[PDB]
């Protein structure tokens, strides 16, 4: 289906909202970019109706396994895709609308063992119509 690839990674902690219009049932591909072997991973952190206030202090220090499945919307935890060591690392999340509405989907590239150290957060503002 229709897709979206993010996103320029920085060394300072930051935020980036990005709006996306979607017809119900339509499937949205989020392509998440990073670097292999840095200790950062992409985690799906939440779906909100409220505009989310981002605090990395409060991110999970442990593995976040559950994907998001509700009556209105469903979103999956990012998953995978002499050798080059430390090259570009691709991970993919899946977004599917089931009901009209506005949804704040939150992703972040952070270190579980040091969440404040340079967390890059991506809020997708999706409209299901």
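Residue numbers count along the first chain shown, from 1.
### Query
How much of the deposited sequence is absent from the coordinates between residue 81 and residue 82: none, 1 to 3, 4 to 9, or 10 or more residues?
Count of unmodelled residues in between: 10 or more.
Check your understanding: For the C-alpha atoms alone, is the average B factor greater in 66-74 or in 51-59, going by the entry?
Key -> Looking at the recorded C-alpha B-factors, 66-74 comes out higher on average.
**Q.** Residue stretch of maximal mean CA temperature factor, 11-19 vs 106-114
**A.** Higher mean C-alpha B-factor in the PDB entry: 11-19.
**Request:** Using the entry's values, work out which of 44, 91, 27, 41 has the largest Cα B factor.
**Result:** Highest C-alpha B-factor among the listed residues goes to 27.
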